[PDB]
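Starting off, we have a lone chain in the form deposited in one PDB entry, written out as structure tokens.
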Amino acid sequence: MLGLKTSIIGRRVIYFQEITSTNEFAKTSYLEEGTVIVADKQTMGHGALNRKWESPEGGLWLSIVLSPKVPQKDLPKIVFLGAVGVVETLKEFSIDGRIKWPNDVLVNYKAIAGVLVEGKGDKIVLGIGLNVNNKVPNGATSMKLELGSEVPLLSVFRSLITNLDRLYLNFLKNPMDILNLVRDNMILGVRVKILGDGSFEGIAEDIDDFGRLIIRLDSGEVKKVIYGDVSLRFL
């Protein structure tokens, strides 16, 4: 009854009034490629680095099952499809989102969405959490706060699924393309600090052909940061 016209993502959609985690369900259940798992609220949701995700009613919480037949080295870039898809959807609603490498989307430096990718067998699960009408933590934002009006949640879902399907179909053919979209929609030219062991600071210059963040330290040294188990802060 939803009348989705996408080719792969959205062929099937499993909606839950409540769920522990859309990503966990997607990982442990046999689902055909393109299946979208979406819930009104998550009781045990999280994002990258297992950062607890408050997923109250009003937000868009979903996961997508993908099994891309692309070279092994390209498989990691799936996370960027999510970030770019969110940026494209936000633009349709007149909101300018920018990517905080590698998994977050900010609006005027305020967090509005997060992406996470996990694996189970040969299946890849792309998880996305977008603040729409839900209440958000101080410092964060939502489509509702940015527009000063409630936003039809289903309309956001339709828009995002449409954008993700388009990006995914092209990814299967031209997998290097997504990096260019990320590059043009990410926050660069500013100082950042990579947290954790061997912590360092420098200017986030760009991302390379592997999606690694290229940072120029004040000494002139150039470091390439792999995305995945990385924590970054804007200075």
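Each form is matched to the other, and the largest set of C-alpha atoms that superpose within 1.5 Å is called the rigid core. When you see a residue number, it is the position in the sequence shown, counting from 1.
From this point on, the text means the form solved in complex with a partner chain, which you will not see here.
Comment: 65 to 73 is the region of 181 to 189, 198 to 206, 65 to 73, 167 to 175 lying near the partner chain in the deposited bound form, near meaning a non-hydrogen atom within 4.5 Å. Scanning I112, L90, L116, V84 against the partner chain in the deposited bound form with a 4.5 Å heavy atom cut-off leaves one residue, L116. Taken together, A48, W101 and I124 are fully in contact with the partner chain in the deposited bound form: each brings a heavy atom within 4.5 Å.
Contact check for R212: a heavy atom falls within 4.5 Å of the partner chain in the deposited bound form.
Of the heavy atoms in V79, some are within 4.5 Å of the partner chain in the deposited bound form. Interface residue remark: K120 is counted as part of the site for the partner chain in the deposited bound form, having a heavy atom within 4.5 Å. Of the residues listed here (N174, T28, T43, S199), only one shifts its CA by 2 angstroms or more between the shown form and the other one after fitting on the rigid core, and it is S199.
The rigid-core alignment places the CA of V230 2 Å or more apart between the shown form and the other one. After superposing the rigid core, the Cα of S219 is displaced by 2 Å or more between the shown form and the other one.
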